[PDB]
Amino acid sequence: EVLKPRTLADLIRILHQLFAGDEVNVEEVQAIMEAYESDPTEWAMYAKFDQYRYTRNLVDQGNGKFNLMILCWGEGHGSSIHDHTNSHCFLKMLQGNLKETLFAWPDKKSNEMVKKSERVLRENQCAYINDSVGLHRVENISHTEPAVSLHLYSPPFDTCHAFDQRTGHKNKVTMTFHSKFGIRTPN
């Protein structure tokens, strides 16, 4: 009975409705994002890759309620261990596979960080995280194929923290966009 978007445009339209109000049903959003069947013809214009690290490509600003973006992971590309600045964060696979490792939060004492969960996100799967769930790292499982993911963050945010797996120490990071609406940013 899950509402199934037939196109990415459909999905965006639904998301505008689901985030219009004050409450967001996380499980409902997750199921509808998962139900969209990734179609590369519909998102190729956002899939702009870089040789050395993943790229963040803005798709939609959600009437200020969320950022919707596509992240392009080249061969072997991965993220830092990071938090999500008190937002809801949905991650759906569009191509390939990402390994998600969930980490416990450090305390002030320096220590090796503790893994709480490790999984591979399957085709079209939508995962969910917020700061109460934990920290995470995501990485392309493949050194021969890319991965592409669709991220919805609500409310939008432009900074987070990256964490050193050896110590738990963190640094603030300002996130930048490689492209917006299919158009490369100045860089």
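Note that residue numbering begins at 1 and tracks the sequence as displayed.
Peer 1: Mean C-alpha B-factor higher for 141-149, or for 22-30?
Peer 2: The deposited B-factors put 22-30 ahead on the C-alpha mean.
Peer 1: Looking at the entry, does 124-132 or 157-165 show the higher mean C-alpha B-factor?
Peer 2: On average, C-alpha B-factors are higher across 157-165.
Peer 1: Name the one of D83, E75, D107, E100 with the greatest CA B-factor according to the PDB entry.
Peer 2: So the option with the highest C-alpha B-factor is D107.
Peer 1: Name the one of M113, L71, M93, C89 with the greatest CA B-factor according to the PDB entry.
Peer 2: Of the candidates given, the C-alpha B-factor peaks at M113.
Peer 1: Ranking the modelled residues of this chain by C-alpha B-factor as given in the entry, is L11 in the lowest, middle or highest third?
Peer 2: Tercile = lowest for this residue's CA B-factor.
Peer 1: What third of its chain, lowest, middle or highest, does the C-alpha temperature factor of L58 fall into?
Peer 2: CA B-factor rank for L58: lowest third.
Peer 1: Would you check the entry's CA temperature factor for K65 and let me know if it's in the chain's lowest, middle or highest third?
Peer 2: For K65, whose C-alpha B-factor we compare with every modelled residue in the chain, the answer is the highest third.
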